[PDB]
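**Student:** Here's a structure for you.
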Amino acid sequence: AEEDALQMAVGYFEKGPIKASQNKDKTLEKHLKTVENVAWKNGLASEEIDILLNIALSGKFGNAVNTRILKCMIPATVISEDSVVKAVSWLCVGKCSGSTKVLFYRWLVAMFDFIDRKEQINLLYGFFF
DNA sequence: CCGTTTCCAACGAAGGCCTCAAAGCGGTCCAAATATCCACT
């Protein structure tokens, strides 16, 4: 049905941005529409959470695109700890802006109890302090 | 024997603290402009 389209969308997210074909930007916008729809009806799995978080916090698609990826982040399943560790490392890199950092922190505060393990999160107390 | 310096008894206000009542609105919830901004071209 559309799950193959979702896999193609996350693969295209893995490729990177585009320079000349700005209509392919509207195609990936349709892809984001599909991701939002599937996240609203049933959510997202745990395998793409790490990839989408790393792509959003890497800073390759611009702020206007990364602003809605965090909004459409709906953890239908449990969240892994290595994904949060990689997200904290990408925040410590410093390529992000202020709005995306605020959004990520609000999302982590809202989705705190949806994480399975919390000992490696406490093991990163200094980076948060 | 008498005037003068000095310690002692004493009224006071003086300050410091406590309590109550009354006038005020800052804080909380909430509207719809609107203006900060980030990169749009």
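The UniProt record's numbering puts the first residue of the first sequence at 61, with every later residue one more than the last. Think of the CB as a built atom: it goes at the ideal place given N, C-alpha and C, for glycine as much as any other residue.
According to the Cβ coordinates, are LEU112 and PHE164 closer than 8 Å?
**Tutor:** No.
**Student:** Is there contact here, the region 123 to 136 with the region 144 to 153, by at least three beta-carbon pairs under 8 Å?
**Tutor:** The region 123 to 136 vs the region 144 to 153: no contact.
**Student:** Taking all protein chains shown into account, do 16 or more other C-beta atoms lie within 10 angstroms of the C-beta of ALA116, making it buried, or fewer, making it exposed?
**Tutor:** Its Cβ being crowded by 16 or more others within 10 Å, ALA116 is buried.
**Student:** Contact check, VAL138 vs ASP110 under 8 Å by CB: the rounded distance?
**Tutor:** Actually they are not in contact, since the Cβ atoms of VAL138 and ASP110 sit about 13 Å apart, beyond 8 Å.
**Student:** What residues in its chain sit with their C-beta under 8 Å from that of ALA65, if we drop five residues either side in the sequence?
**Tutor:** Result list for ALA65: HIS91, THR94, in chain order.
**Student:** To the nearest angstrom, how far is the alpha carbon of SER157 from that of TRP167?
**Tutor:** Going from the Cα of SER157 to the Cα of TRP167 covers about 16 Å.
**Student:** Over the uninterrupted alpha helix (DSSP H) stretch that includes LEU92, give me the two end residues.
**Tutor:** Run containing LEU92: 83 to 101, per the alpha helix (DSSP H) assignment.
**Student:** Do you know whose CA, among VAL70, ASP173, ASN114, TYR185, lies nearest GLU89's CA?
**Tutor:** Answer by Cα proximity: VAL70.
**Student:** Rounded to a whole number of angstroms, what is the C-alpha to C-alpha distance between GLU179 and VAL98?
**Tutor:** When rounded, the distance between both Cα atoms is 31 Å.
**Student:** Counting C-beta neighbours from all protein chains within 10 Å, is the total for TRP100 16 or more, i.e. buried, or is it exposed?
**Tutor:** Classification of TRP100: exposed, given that the 10 Å Cβ count is below 16.
**Student:** Among residues of its own chain, excluding the 5 on either side of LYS155, which ones have a beta-carbon nearer than 6 Å to its beta-carbon?
**Tutor:** Counting only Cβ-Cβ distances below 6 Å, and skipping sequence neighbours, we find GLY119.
**Student:** Which residues does DSSP pair with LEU104 in a beta bridge?
**Tutor:** Bridge partners of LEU104: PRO135.
**Student:** Sorted by chain position, which residues of the same chain lie with C-beta nearer than 6 Å to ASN126's C-beta, five sequence neighbours on each side aside?
**Tutor:** Excluding residues within five positions, the ones whose Cβ falls inside 6 Å are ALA116, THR160.
**Student:** Quick one: what does DSSP say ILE109 is sitting in, helix, strand or coil?
**Tutor:** If DSSP states are grouped into helix, strand and coil, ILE109 belongs with the helices.
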